[PDB]
Amino acid sequence: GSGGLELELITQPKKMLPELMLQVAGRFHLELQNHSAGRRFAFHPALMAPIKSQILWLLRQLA
Amino acid sequence: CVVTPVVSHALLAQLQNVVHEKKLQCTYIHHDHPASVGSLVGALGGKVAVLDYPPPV
Amino acid sequence: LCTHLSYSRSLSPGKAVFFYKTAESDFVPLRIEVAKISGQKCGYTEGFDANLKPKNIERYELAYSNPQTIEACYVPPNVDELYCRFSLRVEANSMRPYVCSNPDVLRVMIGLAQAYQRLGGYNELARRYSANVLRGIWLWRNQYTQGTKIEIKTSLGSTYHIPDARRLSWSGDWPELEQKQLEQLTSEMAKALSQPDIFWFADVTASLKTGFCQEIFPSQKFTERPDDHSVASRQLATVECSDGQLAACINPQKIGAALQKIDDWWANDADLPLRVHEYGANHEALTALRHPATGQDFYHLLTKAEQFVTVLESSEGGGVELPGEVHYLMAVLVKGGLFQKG
Amino acid sequence: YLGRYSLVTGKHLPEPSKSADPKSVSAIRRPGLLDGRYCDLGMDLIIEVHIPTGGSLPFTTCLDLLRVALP
DNA sequence: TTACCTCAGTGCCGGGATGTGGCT
DNA sequence: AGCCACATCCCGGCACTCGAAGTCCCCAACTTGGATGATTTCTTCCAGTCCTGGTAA
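Chains as they are written, first to last, in PDB author numbering: chain V, 353, 362 to 423; chain U, 213 to 269; chain X, 3 to 344; chain P, 494 to 564.
And the structure:
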């Protein structure tokens with residue numbers, strides 16, 4: 353015991377977290393896009409489901 | 213074991229000189245009827261200097 | 003008895019703070035201000051010497067002002083309610099001597115406290131302490147309001163509420179649904195005072211309905227006369243709030259002295275009750291009601307324990323038989339202090 | 494650990510516990526005055542507690558007893 | 001009683017089974 | 001070399017994807033020259049009182 365989504369959406373109830381999966385995955389690709397090495401990987405079709413699945417798992421674990 | 217503290221004459225008398233010469237942080241404690249407490253307290257007019265070092269809070 | 007005997011204090015309070023609410027924030031402190039005033043030249047030695055011998059001054063010399071510096075405190079315009087609160091803890095700490103230099107004295111003081119407990123009597127002390135909380139006498143000179151409400155919460159889940167404290171007397175009988183709360187509160191306290199291993203803690207708040215810019219009277223500091231004439235002669239007590247601002251307060255021992263004003267056992271004539279004191283000190287009249295010359299003080303009575311225990315043990319109990327001397331002594335042990343050279 | 498530290502000015506007045514004269518006087522005097530310094534604190538403590546016995550008592554009962562024992 | 005004296009991913013989940021390492 | 005305990009391991013099973021348009025790219029952002037003088041800043045009187053020693057003649 362402000363206002364930015366990466367701060368407010370986590371402050372919310374843990375049960376809600378699984379529904380943020382697509383947003384997290386989005387940010388993830390963007391973070392790669394902004395990196396010197398990640399320009400070869402970001403938004404590549406091959407990594408789509410892998411990244412999304414592992415994130416979804418993590419969120420469920422957090423929930 | 214029961215312990216009873218007592219003040220050292222030599223140690224207190226030296227401190228009265230050092231804080232004024234070395235410019236240390238200090239304040240003063242008053243005594244009513246100085247003649248009834250001792251040589252040093254009387255000579256100092258009932259005002260005795262002590263160190264003052266509070267925490268940085 | 004013996005060279006050393008003493009008890010610590012069993013009932014201890016906190017520091018009381020004044021504050022008020024706004025539509026914008028829940029806690030705003032009441033604060034003090036400082037100002038220069040023009041006083042009067044009046045009183046003896048100002049004009050007379052010796053025993054009524056006028057001294058030689060000219061007529062115009064008393065028409066001059068006497069300036070002074072004081073602190074003062076007023077409620078600001080348009081505040082409808084003022085609030086005051088404090089915390090209280092009570093421990094069952096009169097069952098054992100803090101120190102005692104003699105095992106034969108010790109076993110006797112223990113015997114007495116227990117002999118008393120089982121016949122009743124803690125209820126009597128609890129009733130008196132409880133009455134003083136709910137009456138509101140701990141506000142001292144700030145009792146003159148247009149309406150006073152008192153609310154108490156405790157660690158056991160109870161809550162008490164006095165809808166209007168302005169009429170509860172020391173002697174008399176309280177209105178229904180007030181008399182009853184006094185009984186319930188008495189029970190919690192009577193236990194807290196005598197049974198160990200119970201944690202008890204209370205939180206007492208009150209509200210004062212006031213005048214447009216009414217003057218408020220917080221505790222005063224004890225000071226030296228300044229020699230500067232730029233420093234206040236009358237300085238008031240404040241407390242630091244969690245936000246760093248200062249607020250007007252009442253000192254712990256000033257709240258305490260009020261709560262223990264329960265002694266109307268002297269001279270078989272109740273009058274008004276005294277603050278418990280070994281010699282029966284009376285501050286208003288500057289005297290003492292249990293002067294050693296009368297045989298009525300604590301120190302004479304401390305030697306009759308063997309006789310008292312004998313009576314308590316022989317008595318049936320549950321009645322009205324407990325004498326003034328036994329109740330007095332228990333009240334003094336509750337306000338523990340140094341009882342040595344006995 | 495120290496969270497709050499406030500210095501309080503002035504000095505305490507002693508209770509009138511001394512009779513002016515031992516007998517035939519109804520006047521009370523003040524024992525004397527001292528010059529000290531006082532403050533208000535806010536603080537936390539972290540105590541390293543050890544239990545000698547192999548089997549310990551990590552229970553609600555002990556948490557109540559830890560609240561009661563507090564001076 | 002008194003006088004004195006100080007600066008196509010991914011994630012669980014059951015259940016019967018293949019295979020292995022230490023003792024005799 | 002033969003016998004026993006305990007590790008995991010892979011198939012059958014189960015559950016999820018998940019509604020549901022896209023919102024413009026790129027390059028430039030000012031140079032020079034000056035900031036005022038002359039004059040004056042208050043006077044009358046006042047600055048409380050009492051309580052809170054130990055030790056030996």
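Note that CB positions come from ideal geometry on N, CA and C, so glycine has one too.
Inset, instruction - Would you decide whether residue 342 of chain X is buried or exposed? Buried here means 16 or more other CB atoms lie within 10 Å of its CB. - result: Around the beta carbon of residue 342 of chain X, fewer than 16 other beta carbons lie within 10 angstroms, which makes this residue exposed.
Legend entry - For residue 20 of chain X and residue 102 of chain X, believed in contact at Cβ under 8 Å, the rounded distance: The beta-carbon distance between residue 102 of chain X and residue 20 of chain X, rounded to whole angstroms, is 43 Å. This is too long to meet the 8 Å contact definition.
Legend entry - Neighbour list for residue 528 of chain P in chain U, Cβ cutoff strictly below 8 Å: 241, 242, 243, listed in chain order.
Inset, instruction - Using beta-carbon positions only, say whether residue 253 of chain X and residue 232 of chain X come within less than 7 Å of one another. - result: No.
Inset, instruction - Give a yes or no on whether 7 Å exceeds the smallest Cβ distance from residue 249 of chain U to chain P. - result: Not closer than 7 Å to any Cβ of chain P, the Cβ of residue 249 of chain U fails to qualify, so no.
Inset, instruction - Could you tell me the distance, in whole angstroms, from the CA atom of residue 79 of chain X to the CA atom of residue 252 of chain U? - result: For residue 79 of chain X and residue 252 of chain U, the gap between their C-alpha atoms comes out near 55 Å.
Legend entry - Cβ-based neighbour list, residue 255 of chain X, same chain, cut-off 7 Å, excluding 5 preceding and 5 following: Result list for residue 255 of chain X: empty, nothing under 7 Å.
Inset, instruction - Give the DSSP-derived three-state secondary structure of residue 208 of chain X in the structure shown. - result: Residue 208 of chain X carries a strand assignment under DSSP once its states are collapsed to helix, strand and coil.
Inset, instruction - Look at the Cβ atom of residue 96 of chain X, then the Cβ atom of residue 189 of chain X, and state whether they are nearer than 7 Å. - result: At least 7 Å separates the beta-carbon of residue 96 of chain X from that of residue 189 of chain X.
Legend entry - Contact set between the stretch 497-519 of chain P and chain U, restricted to residues whose Cβ is under 8 Å from the partner: Taken in chain order, the members of the stretch 497-519 of chain P whose beta-carbon sits within less than 8 Å of a beta-carbon on chain U are 497, 498, 500.
Legend entry - Other residues of its chain near residue 528 of chain P: CB distance less than 8 Å, five sequence neighbours each side excluded: These residues qualify, in order along the chain: 504.
Legend entry - Residues that residue 156 of chain X bridges to, as DSSP identifies them: Residue 156 of chain X pairs with X/204.
Legend entry - Span separating the alpha-carbon of residue 223 of chain U from that of residue 554 of chain P: Straight-line Cα distance between these residues: approximately 52 Å.
Inset, instruction - Taking only the alpha-carbon atoms, compute the straight-line gap between residue 269 of chain U and residue 537 of chain P and give it to the nearest angstrom. - result: Each residue's alpha carbon lies about 14 Å from the other.
Legend entry - Contact check, residue 113 of chain X vs residue 324 of chain X, beta carbons under 7 Å: Not closer than 7 Å, so no.
Legend entry - Contacting residues, own chain, Cβ-Cβ under 6 Å from residue 39 of chain X (five flanking each side not counted): 70, listed in sequence order.
Legend entry - Those residues which DSSP pairs with residue 125 of chain X across a bridge: Paired residues: none, contrary to the question.
Inset, instruction - With 7 Å as the threshold, decide whether the Cβ of residue 495 of chain P is near any Cβ in chain U. - result: Closer than 7 Å: yes.
Inset, instruction - Could you spell out the range, first to last residue, of the alpha helix (DSSP H) harbouring residue 229 of chain U? - result: Residue 229 of chain U -> alpha helix (DSSP H) spans 221-233.
Inset, instruction - Report all residues from its chain with a CB closer than 7 Å to the CB of residue 254 of chain U; omit the five preceding and five following residues, and keep chain order. - result: Cβ within range, chain order: 246, 247.
Legend entry - From X/24, X/327, X/93, X/75, residue whose alpha carbon lies closest to that of residue 203 of chain X: For residue 203 of chain X, the closest of X/24, X/327, X/93, X/75 by C-alpha to C-alpha distance is X/93.
Legend entry - Inter-stretch contact (C-beta, 8 Å, three-pair minimum) for the stretch 145-162 of chain X and the stretch 261-281 of chain X: They do not touch, by the three-pair rule.
Legend entry - Pairwise C-alpha distance: residue 129 of chain X and residue 192 of chain X: In a straight line, the C-alpha of residue 192 of chain X is about 8 Å away from that of residue 129 of chain X.
Inset, instruction - Establish whether the CB of residue 542 of chain P and some CB of chain X are separated by less than 7 Å. - result: Cβ-Cβ to chain X under 7 Å: no for residue 542 of chain P.
Legend entry - Contacts of residue 266 of chain U in chain P (Cβ-Cβ under 8 Å): Think of a sphere of 8 Å around the beta carbon of residue 266 of chain U: the chain P residues whose beta carbon falls inside it are 498, 500, in chain order.
Inset, instruction - Classify residue 178 of chain X as helix, strand or coil using the three-state DSSP reduction. - result: Assigned with DSSP and collapsed to three states, residue 178 of chain X falls in coil, not helix or strand.
Inset, instruction - Tell me, to the nearest whole angstrom, how far the beta carbon of residue 134 of chain X is from that of residue 260 of chain X; I am working on the premise that it is less than 8 Å. - result: Indeed they touch by this definition, with Cβ atoms about 7 Å apart.
Legend entry - C-alpha distance - residue 29 of chain X paired with residue 90 of chain X, whole-angstrom precision: Near 21 Å, if we compare the C-alpha coordinates of residue 90 of chain X and residue 29 of chain X.
Legend entry - Top-ranked residue by Cα proximity to residue 169 of chain X, from X/162, X/154, X/181, X/159: Restricting attention to X/162, X/154, X/181, X/159, the CA atom closest to the CA of residue 169 of chain X is found in X/181.
Legend entry - Residue of X/250, X/297, X/322, X/303 minimising C-alpha distance to residue 74 of chain X: Comparing Cα-Cα distances from residue 74 of chain X to each of X/250, X/297, X/322, X/303, the minimum goes to X/250.
Inset, instruction - Label residue 544 of chain P either buried or exposed according to how many other C-beta atoms from any shown protein chain fall within 10 Å of its C-beta, with 16 as the threshold for buried. - result: With fewer than 16 other Cβ atoms within 10 Å, it is exposed.
Inset, instruction - Look at residue 524 of chain P and residue 507 of chain P and say whether their C-beta atoms are less than 7 Å apart. - result: The beta carbons of residue 524 of chain P and residue 507 of chain P sit closer together than 7 Å.
Legend entry - Straight-line gap, residue 179 of chain X to residue 166 of chain X (C-alpha atoms, nearest Å): So the two alpha carbons sit approximately 12 Å from each other.
Legend entry - Paired residues, beta bridge with residue 263 of chain U - DSSP: Paired residues: U/238.
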